[PDB]
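Quick notes on the structure that follows.
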Amino acid sequence: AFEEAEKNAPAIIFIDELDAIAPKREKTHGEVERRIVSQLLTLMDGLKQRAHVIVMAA
Amino acid sequence: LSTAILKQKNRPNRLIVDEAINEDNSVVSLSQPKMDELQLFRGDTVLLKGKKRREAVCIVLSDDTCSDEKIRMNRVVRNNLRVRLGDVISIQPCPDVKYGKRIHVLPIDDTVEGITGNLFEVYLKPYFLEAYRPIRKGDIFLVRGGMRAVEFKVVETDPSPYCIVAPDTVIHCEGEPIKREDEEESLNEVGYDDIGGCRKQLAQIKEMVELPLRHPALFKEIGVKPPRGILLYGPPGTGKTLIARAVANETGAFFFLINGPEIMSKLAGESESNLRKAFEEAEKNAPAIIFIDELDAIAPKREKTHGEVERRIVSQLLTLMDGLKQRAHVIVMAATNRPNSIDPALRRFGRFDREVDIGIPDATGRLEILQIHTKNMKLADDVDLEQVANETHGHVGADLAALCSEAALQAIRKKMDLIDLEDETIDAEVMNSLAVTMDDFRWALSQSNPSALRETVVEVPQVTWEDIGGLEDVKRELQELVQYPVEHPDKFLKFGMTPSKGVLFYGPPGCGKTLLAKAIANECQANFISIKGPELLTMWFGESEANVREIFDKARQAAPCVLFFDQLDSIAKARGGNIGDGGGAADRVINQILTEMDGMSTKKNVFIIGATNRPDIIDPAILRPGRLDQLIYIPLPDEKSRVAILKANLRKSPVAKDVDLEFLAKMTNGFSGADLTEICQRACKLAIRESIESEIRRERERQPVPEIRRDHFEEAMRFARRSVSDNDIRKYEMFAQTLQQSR
Ligand SMILES: Nc1ncnc2c1ncn2[C@@H]1O[C@H](COP(=O)(O)OP(=O)(O)OP(=O)(O)O)[C@@H](O)[C@H]1O
Ligand SMILES: Nc1ncnc2c1ncn2[C@@H]1O[C@H](COP(=O)(O)OP(=O)(O)OP(=O)(O)O)[C@@H](O)[C@H]1O
Ligand SMILES: [Mg+2]
Ligand SMILES: [Mg+2]
């Protein structure tokens with residue numbers, strides 16, 4: 001999702017049901033949820049404002 | 001118009017089932033005027049629809065003896081239609097029925113036994129010789145002749161399913177005979193008419209599941225999207241799975257059943273793949289219905305879940321129910337008795353958006369359920385299902401089935417004298433005499449109890465109102481407070497006053513509070529829940545509140561129910577008095593109790609009775625209006641009440657005539673009911689000691705005491721003591737004065 005997001009300069013990402021893939025790490029009982037949250041964090045940080053990719057969440 | 005879809009409109013095809021005088025299996029008779037109204041000729045083939053999606057084909061005949069509103073059938077085609085006498089069926093002209101190219105039949109296994117010759121040559125061939133009979137696939141027909149008449153099932157038809165058996169048509173009975181049990185199970189199939197007390201719920205279900213699948217064009221044109229997710233929720237045994245079976249049997253749409261825990265599989269990724277396969281197979285065969293029984297098994301809240309596979313399954317269910325909109329005609333219906341345990345996101349818009357509450361039936365609904373369950377039994381004439389419906393205050397439909405089963409089992413027990421279990425066979429006369437009577441149903445009602453109140457049930461002594469002496473005003477007030485709200489709510493609504501739903505008993509120890517509770521349990525026709533004070537408290541945090549919630553919920557489920565709190569001050573003590581000492585769980589318990597007392601609507605008839613001999617330490621909030629409104633002072637008995645108590649205790653005892661109870665009442669001024677009972681018990685023990693010593697003396701001389709006497713009571717009275725002091729009485733007097741001042 002993120003990669004074919006940066007591939008197109010005006011591309012946009014929308015994450016519906018953010019709480020599903022991004023629960024609070026303080027209260028969570030699974031390794032995979034924490035991994036996916038941190039992976040989303042790394043994907044967000046990888047953006048250098050040159051890709052011009054806008055990510056909304058609901 | 002809520003249940004308009006249940007009632008069937010009067011149509012020319014709609015006709016009452018009637019007995020046929022002379023019609024054979026392949027023909028039926030209708031009245032000539034009604035026949036002309038239907039534009040039907042003699043000798044025309046006719047297609048009969050029936051319950052549980054079963055149809056038959058016959059030949060319409062004109063009979064003047066037949067009624068116009070009635071269509072005449074023999075029992076064979078009635079069994080082919082799964083119908084009985086008094087039912088309404090629709091008859092239509094079956095078009096382009098063709099002579100059968102070949103038809104394959106299978107006889108029933110029981111009938112073939114004892115028939116040495118060929119079934120075809122003896123029965124089938126003369127039956128179909130120049131018959132030109134119309135038949136359908138799956139029909140069962142009986143042919144007379146030989147040693148025994150033989151039944152047959154037309155398994156295969158060509159052309160299918162309707163075909164005319166011309167002489168050139170080849171009918172053959174080779175193959176495996178059909179078991180009688182299979183035909184019995186097919187005939188005894190669950191339908192919409194096997195459900196009782198859920199007319200409104202059946203209306204909602206038919207409006208949501210049957211109408212969109214039959215007629216989706218109407219929903220498209222009116223502008224709405226038909227509901228996709230339907231969730232049946234209710235107490236156990238209320239009939240959710242019964243409704244699912246009825247829908248599965250009586251719906252033409254493809255039915256897919258998902259048992260919850262069956263989703264799980266050992267292989268990684270196989271469970272959500274099983275869910276995906278279920279939804280894909282529903283899409284392949286559309287219109288489709290997916291029934292998920294025990295939805296809470298695979299769909300708990302993801303936040304509370306500690307397993308990754310369970311959370312992935314909940315997410316897969318969310319995704320599939322979201323994509324259900326793309327699916328053309330798949331409808332997902334789920335059943336659960338723990339609707340609160342379901343993941344909340346699954347109850348949102350677009351997924352399980354419709355919820356049907358299969359609740360506890362009322363008196364008329366219980367009568368319908370009893371009529372449904374007793375239709376096959378051999379009831380006697382004296383039976384009265386109306387009384388049985390009125391007695392079962394908390395039964396849900398599984399309890400009524402249990403009641404019918406127990407009544408029939410008692411009926412069978414009454415013949416265990418005539419038939420021994422070790423006997424190899426039974427005389428036919430014993431079967432002929434066997435029948436269920438009203439006495440058996442009354443025995444069942446005596447044993448019957450709601451399934452919900454199976455953990456709170458306690459053995460209560462058989463205390464009767466005549467066992468209690470005095471307290472006549474209290475007895476009358478309690479009887480009215482129990483009977484009036486349940487019997488005549490309309491008057492209370494008319495005058496605008498809600499009936500009091502809370503009673504507290506306060507008084508000296510031993511004055512008759514728990515005895516009154518026992519009398520209420522034995523005599524009143526209301527379910528009784530008696531709980532000890534500290535029964536609910538649990539060390540684990542959050543469990544005591546859950547216990548209060550469970551007890552109040554199962555009180556509501558059994559309404560009209562009486563919820564008795566013996567030693568209420570343990571359950572409800574003054575807040576802040578012991579707040580500093582302890583964790584604070586008792587305050588949470590009392591707050592939960594207050595919430596439950598406030599939460600009850602008046603429509604549920606849950607009477608709450610509290611008993612305590614320490615009203616001064618009852619929490620003041622409990623006595624506030626709306627919760628435990630009526631406060632009753634069970635006082636220390638007076639002279640007339642003491643005479644009544646002494647008579648009630650000695651009612652079943654042999655007491656000498658010269659024993660004067662009036663003087664005993666006079667001398668025991670400050671005594672309570674427990675004190676008088678102790679006096680009588682002491683007199684009884686003295687009499688028993690005298691009798692035992694007399695028997696010992698007679699045995700000694702070899703190697704009396706017909707009743708209690710005046711000397712026994714005289715000896716017992718010197719041991720007697722007044723249990724309640726004057727200061728104790730003054731305590732309740734001050735409580736009453738303060739309470740009156742507050743009010
Ligand atoms: N309204 C009713 N009319 C007729 N029979 C009923 C009705 N409700 C229940 N029954 C009978 O009682 C039993 C109900 O069992 P069922 O599986 O339908 O209940 P349920 O609601 O699914 O319960 P649970 O929550 O424990 O799964 C069946 O034997 C059924 O014949
Ligand atoms: N009015 C009465 N008629 C007959 N027996 C009575 C009466 N009042 C009390 N008794 C008898 O005296 C005893 C009193 O017990 P009971 O359960 O009625 O007391 P209680 O009022 O609930 O008191 P406690 O506060 O000690 O629990 C029992 O043995 C009961 O049978
Ligand atoms: Mg069930
Ligand atoms: Mg008591």
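Identifiers in the structure tokens: chain A, B, ... in order shown; residue index from 1 per chain; ligand index from 1 in order shown.
Residues of chain B lying within 10 Å of chain A, counting only C-alpha atoms, are residues 302, 303, 304, 305, 306, 307, 308, 311 and 315 of chain B.
The helix (DSSP H, G or I) portion of chain A consists of residues 3, 4, 5, 6, 18, 19, 20, 21, 31, 32, 33, 34, 35, 36, 37, 38, 39, 40, 41, 42, 43, 44, 45 and 46 of chain A, with states taken from DSSP on the backbone.
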At most 9 Å from ligand 4 (only C-alpha atoms and all ligand atoms): residue list as an MDAnalysis selection string: chainID B and resid 509:515 517 566:567 611:613
Taken to one decimal, the CA of residue 233 (chain B)-atom 21 (O, counted along the ligand's line) of ligand 1 distance is 7.8 Å
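Counting only C-alpha atoms, residue 37 (chain B) has the following residues at most 12 Å away, ignoring those fewer than 2 positions along the same chain: residues 11, 12, 13, 30, 31, 32, 33, 34, 35, 39, 40, 41, 68 and 69 of chain B.
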Could you write those residues out with C-alpha atoms, as an mmCIF file, in the first residue's frame?
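Contents of out.cif, freshly written:
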```cif
data_model
loop_
_atom_site.group_PDB
_atom_site.id
_atom_site.type_symbol
_atom_site.label_atom_id
_atom_site.label_comp_id
_atom_site.auth_asym_id
_atom_site.auth_seq_id
_atom_site.Cartn_x
_atom_site.Cartn_y
_atom_site.Cartn_z
ATOM 1 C CA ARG B 11 -57.619 -16.991 -1.890
ATOM 2 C CA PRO B 12 -59.491 -19.243 -4.335
ATOM 3 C CA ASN B 13 -56.625 -21.743 -4.121
ATOM 4 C CA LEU B 30 -63.779 -30.526 -5.173
ATOM 5 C CA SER B 31 -67.270 -29.056 -5.145
ATOM 6 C CA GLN B 32 -68.582 -28.162 -8.594
ATOM 7 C CA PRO B 33 -69.399 -24.461 -7.888
ATOM 8 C CA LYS B 34 -65.976 -23.841 -6.335
ATOM 9 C CA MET B 35 -64.542 -25.873 -9.221
ATOM 10 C CA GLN B 39 -61.848 -22.589 -14.047
ATOM 11 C CA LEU B 40 -60.975 -26.295 -13.778
ATOM 12 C CA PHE B 41 -62.231 -29.226 -15.850
ATOM 13 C CA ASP B 68 -67.073 -25.597 -1.427
ATOM 14 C CA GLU B 69 -64.462 -24.251 1.006
#
```
Distance query residue 737 (chain B) at most 12 Å, only C-alpha atoms, self and fewer than 6 positions along chain excluded, as a PyMOL selection string: chain B and resi 616+633+730-731+743
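With distances restricted to only C-alpha atoms and all ligand atoms, B:357 is the closest residue to ligand 1 from B:262, B:733, B:357, B:695.
Coordinates place CA of residue 369 (chain B) at a distance of 8.9 Å from CA of residue 389 (chain B).
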Check every protein, DNA and RNA residue against ligand 3, keep those with an atom at most 7 Å away (counting only C-alpha atoms and all ligand atoms), and present them as a PyMOL selection string. chain B and resi 240-241+293-294+335
Within 10 Å of ligand 2, counting only C-alpha atoms and all ligand atoms, which protein or nucleic acid residues do you find, written as a PyMOL selection string? chain B and resi 463-472+505-518+566-567+611-614+634-637+641-650+672-678+681
Counting only C-alpha atoms and all ligand atoms, what are the residues, protein, DNA or RNA alike, that approach ligand 1 to within 10 Å? I want them as a PDB file with N, CA and C atoms, in the first residue's frame.
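Dumped everything to pocket-v8.pdb:
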```pdb
ATOM      1  N   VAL B 190     -39.503 -30.025  11.272  1.00  0.00           N
ATOM      2  CA  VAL B 190     -39.827 -28.782  11.959  1.00  0.00           C
ATOM      3  C   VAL B 190     -40.240 -27.719  10.950  1.00  0.00           C
ATOM      4  N   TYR B 192     -42.699 -23.760  10.433  1.00  0.00           N
ATOM      5  CA  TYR B 192     -43.086 -22.510  11.082  1.00  0.00           C
ATOM      6  C   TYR B 192     -44.240 -22.724  12.055  1.00  0.00           C
ATOM      7  N   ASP B 193     -45.071 -23.737  11.806  1.00  0.00           N
ATOM      8  CA  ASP B 193     -46.213 -23.985  12.680  1.00  0.00           C
ATOM      9  C   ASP B 193     -45.796 -24.725  13.947  1.00  0.00           C
ATOM     10  N   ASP B 194     -44.540 -25.172  14.011  1.00  0.00           N
ATOM     11  CA  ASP B 194     -44.052 -25.836  15.214  1.00  0.00           C
ATOM     12  C   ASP B 194     -43.514 -24.832  16.224  1.00  0.00           C
ATOM     13  N   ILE B 195     -43.621 -23.545  15.923  1.00  0.00           N
ATOM     14  CA  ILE B 195     -43.135 -22.497  16.812  1.00  0.00           C
ATOM     15  C   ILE B 195     -44.331 -21.793  17.439  1.00  0.00           C
ATOM     16  N   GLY B 196     -44.285 -21.607  18.752  1.00  0.00           N
ATOM     17  CA  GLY B 196     -45.370 -20.963  19.463  1.00  0.00           C
ATOM     18  C   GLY B 196     -44.863 -19.891  20.403  1.00  0.00           C
ATOM     19  N   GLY B 197     -45.691 -18.867  20.585  1.00  0.00           N
ATOM     20  CA  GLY B 197     -45.366 -17.767  21.465  1.00  0.00           C
ATOM     21  C   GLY B 197     -44.424 -16.739  20.885  1.00  0.00           C
ATOM     22  N   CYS B 198     -43.995 -16.905  19.636  1.00  0.00           N
ATOM     23  CA  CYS B 198     -43.086 -15.977  18.979  1.00  0.00           C
ATOM     24  C   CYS B 198     -43.697 -15.424  17.697  1.00  0.00           C
ATOM     25  N   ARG B 199     -44.981 -15.062  17.741  1.00  0.00           N
ATOM     26  CA  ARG B 199     -45.661 -14.579  16.543  1.00  0.00           C
ATOM     27  C   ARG B 199     -45.039 -13.283  16.037  1.00  0.00           C
ATOM     28  N   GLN B 201     -41.922 -12.245  16.711  1.00  0.00           N
ATOM     29  CA  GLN B 201     -40.573 -12.571  16.264  1.00  0.00           C
ATOM     30  C   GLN B 201     -40.598 -13.279  14.917  1.00  0.00           C
ATOM     31  N   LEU B 202     -41.544 -14.202  14.732  1.00  0.00           N
ATOM     32  CA  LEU B 202     -41.706 -14.846  13.434  1.00  0.00           C
ATOM     33  C   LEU B 202     -42.082 -13.831  12.364  1.00  0.00           C
ATOM     34  N   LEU B 232     -30.478 -13.462  16.360  1.00  0.00           N
ATOM     35  CA  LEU B 232     -31.462 -13.968  17.308  1.00  0.00           C
ATOM     36  C   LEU B 232     -30.797 -14.073  18.670  1.00  0.00           C
ATOM     37  N   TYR B 233     -31.345 -13.381  19.665  1.00  0.00           N
ATOM     38  CA  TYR B 233     -30.796 -13.441  21.013  1.00  0.00           C
ATOM     39  C   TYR B 233     -31.921 -13.657  22.011  1.00  0.00           C
ATOM     40  N   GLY B 234     -31.614 -14.362  23.096  1.00  0.00           N
ATOM     41  CA  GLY B 234     -32.577 -14.638  24.132  1.00  0.00           C
ATOM     42  C   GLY B 234     -32.051 -15.640  25.136  1.00  0.00           C
ATOM     43  N   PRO B 235     -32.840 -15.927  26.167  1.00  0.00           N
ATOM     44  CA  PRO B 235     -32.434 -16.918  27.166  1.00  0.00           C
ATOM     45  C   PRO B 235     -32.360 -18.307  26.558  1.00  0.00           C
ATOM     46  N   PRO B 236     -31.620 -19.223  27.179  1.00  0.00           N
ATOM     47  CA  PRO B 236     -31.546 -20.590  26.652  1.00  0.00           C
ATOM     48  C   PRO B 236     -32.911 -21.262  26.627  1.00  0.00           C
ATOM     49  N   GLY B 237     -33.160 -22.016  25.559  1.00  0.00           N
ATOM     50  CA  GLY B 237     -34.393 -22.753  25.406  1.00  0.00           C
ATOM     51  C   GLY B 237     -35.567 -21.956  24.883  1.00  0.00           C
ATOM     52  N   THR B 238     -35.354 -20.714  24.448  1.00  0.00           N
ATOM     53  CA  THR B 238     -36.477 -19.880  24.032  1.00  0.00           C
ATOM     54  C   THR B 238     -36.889 -20.167  22.593  1.00  0.00           C
ATOM     55  N   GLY B 239     -36.033 -20.824  21.826  1.00  0.00           N
ATOM     56  CA  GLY B 239     -36.373 -21.257  20.492  1.00  0.00           C
ATOM     57  C   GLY B 239     -35.612 -20.618  19.339  1.00  0.00           C
ATOM     58  N   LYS B 240     -34.396 -20.121  19.566  1.00  0.00           N
ATOM     59  CA  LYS B 240     -33.614 -19.547  18.475  1.00  0.00           C
ATOM     60  C   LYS B 240     -33.216 -20.615  17.462  1.00  0.00           C
ATOM     61  N   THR B 241     -32.643 -21.720  17.941  1.00  0.00           N
ATOM     62  CA  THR B 241     -32.281 -22.813  17.046  1.00  0.00           C
ATOM     63  C   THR B 241     -33.519 -23.461  16.441  1.00  0.00           C
ATOM     64  N   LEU B 242     -34.626 -23.489  17.187  1.00  0.00           N
ATOM     65  CA  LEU B 242     -35.880 -23.977  16.623  1.00  0.00           C
ATOM     66  C   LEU B 242     -36.319 -23.114  15.448  1.00  0.00           C
ATOM     67  N   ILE B 243     -36.209 -21.793  15.594  1.00  0.00           N
ATOM     68  CA  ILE B 243     -36.539 -20.883  14.502  1.00  0.00           C
ATOM     69  C   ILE B 243     -35.612 -21.124  13.319  1.00  0.00           C
ATOM     70  N   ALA B 244     -34.331 -21.366  13.598  1.00  0.00           N
ATOM     71  CA  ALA B 244     -33.386 -21.640  12.521  1.00  0.00           C
ATOM     72  C   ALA B 244     -33.748 -22.914  11.766  1.00  0.00           C
ATOM     73  N   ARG B 245     -34.115 -23.978  12.486  1.00  0.00           N
ATOM     74  CA  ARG B 245     -34.534 -25.210  11.819  1.00  0.00           C
ATOM     75  C   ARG B 245     -35.795 -24.988  10.998  1.00  0.00           C
ATOM     76  N   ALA B 246     -36.752 -24.232  11.541  1.00  0.00           N
ATOM     77  CA  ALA B 246     -37.978 -23.960  10.800  1.00  0.00           C
ATOM     78  C   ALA B 246     -37.685 -23.196   9.517  1.00  0.00           C
ATOM     79  N   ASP B 293     -24.806 -20.630  14.515  1.00  0.00           N
ATOM     80  CA  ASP B 293     -25.240 -20.922  15.870  1.00  0.00           C
ATOM     81  C   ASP B 293     -24.081 -20.744  16.838  1.00  0.00           C
ATOM     82  N   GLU B 294     -24.402 -20.256  18.034  1.00  0.00           N
ATOM     83  CA  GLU B 294     -23.405 -19.913  19.044  1.00  0.00           C
ATOM     84  C   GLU B 294     -22.389 -18.924  18.473  1.00  0.00           C
ATOM     85  N   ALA B 335     -27.379 -16.878  15.962  1.00  0.00           N
ATOM     86  CA  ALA B 335     -28.072 -17.147  17.214  1.00  0.00           C
ATOM     87  C   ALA B 335     -27.066 -17.168  18.351  1.00  0.00           C
ATOM     88  N   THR B 336     -27.436 -16.567  19.478  1.00  0.00           N
ATOM     89  CA  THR B 336     -26.592 -16.554  20.662  1.00  0.00           C
ATOM     90  C   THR B 336     -27.437 -16.220  21.882  1.00  0.00           C
ATOM     91  N   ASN B 337     -27.093 -16.838  23.007  1.00  0.00           N
ATOM     92  CA  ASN B 337     -27.713 -16.527  24.286  1.00  0.00           C
ATOM     93  C   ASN B 337     -26.842 -15.635  25.158  1.00  0.00           C
ATOM     94  N   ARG B 338     -25.748 -15.109  24.612  1.00  0.00           N
ATOM     95  CA  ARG B 338     -24.899 -14.125  25.281  1.00  0.00           C
ATOM     96  C   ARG B 338     -24.673 -12.967  24.320  1.00  0.00           C
ATOM     97  N   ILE B 358     -35.805 -13.189  21.217  1.00  0.00           N
ATOM     98  CA  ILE B 358     -36.641 -14.349  21.499  1.00  0.00           C
ATOM     99  C   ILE B 358     -36.812 -14.416  23.011  1.00  0.00           C
ATOM    100  N   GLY B 359     -37.881 -13.802  23.518  1.00  0.00           N
ATOM    101  CA  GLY B 359     -38.081 -13.652  24.941  1.00  0.00           C
ATOM    102  C   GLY B 359     -38.903 -14.777  25.554  1.00  0.00           C
ATOM    103  N   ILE B 360     -39.155 -14.625  26.847  1.00  0.00           N
ATOM    104  CA  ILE B 360     -39.961 -15.603  27.585  1.00  0.00           C
ATOM    105  C   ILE B 360     -41.425 -15.449  27.183  1.00  0.00           C
ATOM    106  N   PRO B 361     -42.110 -16.526  26.805  1.00  0.00           N
ATOM    107  CA  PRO B 361     -43.508 -16.400  26.383  1.00  0.00           C
ATOM    108  C   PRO B 361     -44.433 -16.081  27.547  1.00  0.00           C
ATOM    109  N   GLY B 365     -48.842 -17.540  24.934  1.00  0.00           N
ATOM    110  CA  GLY B 365     -47.748 -18.165  24.209  1.00  0.00           C
ATOM    111  C   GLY B 365     -47.390 -19.530  24.765  1.00  0.00           C
ATOM    112  N   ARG B 366     -47.427 -19.671  26.090  1.00  0.00           N
ATOM    113  CA  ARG B 366     -47.182 -20.973  26.698  1.00  0.00           C
ATOM    114  C   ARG B 366     -48.288 -21.953  26.341  1.00  0.00           C
ATOM    115  N   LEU B 367     -49.524 -21.462  26.218  1.00  0.00           N
ATOM    116  CA  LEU B 367     -50.607 -22.320  25.748  1.00  0.00           C
ATOM    117  C   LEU B 367     -50.356 -22.796  24.320  1.00  0.00           C
ATOM    118  N   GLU B 368     -49.890 -21.900  23.446  1.00  0.00           N
ATOM    119  CA  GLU B 368     -49.571 -22.303  22.076  1.00  0.00           C
ATOM    120  C   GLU B 368     -48.452 -23.338  22.048  1.00  0.00           C
ATOM    121  N   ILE B 369     -47.414 -23.135  22.860  1.00  0.00           N
ATOM    122  CA  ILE B 369     -46.311 -24.092  22.905  1.00  0.00           C
ATOM    123  C   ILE B 369     -46.795 -25.448  23.407  1.00  0.00           C
ATOM    124  N   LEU B 370     -47.650 -25.450  24.434  1.00  0.00           N
ATOM    125  CA  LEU B 370     -48.207 -26.702  24.937  1.00  0.00           C
ATOM    126  C   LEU B 370     -49.056 -27.395  23.880  1.00  0.00           C
ATOM    127  N   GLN B 371     -49.843 -26.626  23.125  1.00  0.00           N
ATOM    128  CA  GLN B 371     -50.649 -27.207  22.056  1.00  0.00           C
ATOM    129  C   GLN B 371     -49.764 -27.826  20.984  1.00  0.00           C
ATOM    130  N   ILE B 372     -48.646 -27.169  20.673  1.00  0.00           N
ATOM    131  CA  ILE B 372     -47.719 -27.702  19.678  1.00  0.00           C
ATOM    132  C   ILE B 372     -47.089 -28.999  20.171  1.00  0.00           C
ATOM    133  N   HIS B 373     -46.712 -29.043  21.449  1.00  0.00           N
ATOM    134  CA  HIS B 373     -45.986 -30.209  21.945  1.00  0.00           C
ATOM    135  C   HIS B 373     -46.916 -31.385  22.225  1.00  0.00           C
ATOM    136  N   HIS B 395     -41.691 -20.584  32.476  1.00  0.00           N
ATOM    137  CA  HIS B 395     -41.233 -21.549  31.488  1.00  0.00           C
ATOM    138  C   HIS B 395     -41.066 -20.891  30.123  1.00  0.00           C
ATOM    139  N   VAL B 396     -40.104 -21.394  29.344  1.00  0.00           N
ATOM    140  CA  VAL B 396     -39.667 -20.725  28.122  1.00  0.00           C
ATOM    141  C   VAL B 396     -39.975 -21.521  26.863  1.00  0.00           C
ATOM    142  N   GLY B 397     -40.407 -22.770  26.991  1.00  0.00           N
ATOM    143  CA  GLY B 397     -40.710 -23.577  25.826  1.00  0.00           C
ATOM    144  C   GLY B 397     -39.962 -24.890  25.819  1.00  0.00           C
ATOM    145  N   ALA B 398     -38.691 -24.862  26.226  1.00  0.00           N
ATOM    146  CA  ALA B 398     -38.000 -26.108  26.538  1.00  0.00           C
ATOM    147  C   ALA B 398     -38.517 -26.691  27.844  1.00  0.00           C
ATOM    148  N   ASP B 399     -38.858 -25.823  28.797  1.00  0.00           N
ATOM    149  CA  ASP B 399     -39.452 -26.277  30.047  1.00  0.00           C
ATOM    150  C   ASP B 399     -40.827 -26.888  29.810  1.00  0.00           C
ATOM    151  N   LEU B 400     -41.600 -26.316  28.887  1.00  0.00           N
ATOM    152  CA  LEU B 400     -42.909 -26.876  28.567  1.00  0.00           C
ATOM    153  C   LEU B 400     -42.777 -28.236  27.890  1.00  0.00           C
ATOM    154  N   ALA B 401     -41.779 -28.390  27.017  1.00  0.00           N
ATOM    155  CA  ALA B 401     -41.513 -29.698  26.429  1.00  0.00           C
ATOM    156  C   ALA B 401     -41.104 -30.703  27.496  1.00  0.00           C
ATOM    157  N   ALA B 402     -40.281 -30.273  28.455  1.00  0.00           N
ATOM    158  CA  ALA B 402     -39.927 -31.141  29.575  1.00  0.00           C
ATOM    159  C   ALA B 402     -41.162 -31.535  30.373  1.00  0.00           C
TER     160      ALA B 402
END
```
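You can rank B:222, B:73, B:590, B:503 by their closest distance to residue 626 (chain B) using only C-alpha atoms, and at the top of that list sits B:503.
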Tell me, as a list in words, which residues lie within 10 Å of region 2-7 of chain A, counting only C-alpha atoms; anything in the same chain fewer than 6 positions away does not count. residues 13, 40, 43, 44, 46, 47, 50, 51, 52, 53, 54 and 55 of chain A
Set the distance at 6 Å and use only C-alpha atoms: which residues neighbour region 171-173 of chain B once local chain neighbours fewer than 3 positions away are removed? I'd like the list as a ChimeraX atom specification. /B:103-106
Tell me which protein, DNA and RNA residues are within 9 Å of residue 78 (chain B), counting only C-alpha atoms, leaving out same-chain ones fewer than 4 positions away, and put them as a PyMOL selection string. chain B and resi 17+50+56+73-74+82-85
Nearest residue to residue 345 (chain B) from the set B:299, B:656, B:4, B:559 (distances using only C-alpha atoms): B:299
Between CA of residue 739 (chain B) and CA of residue 575 (chain B), distance in Å (one decimal): 18.2 Å
For residue 274 (chain B), the closest of B:658, B:313, B:289, B:138 counting only C-alpha atoms is B:313
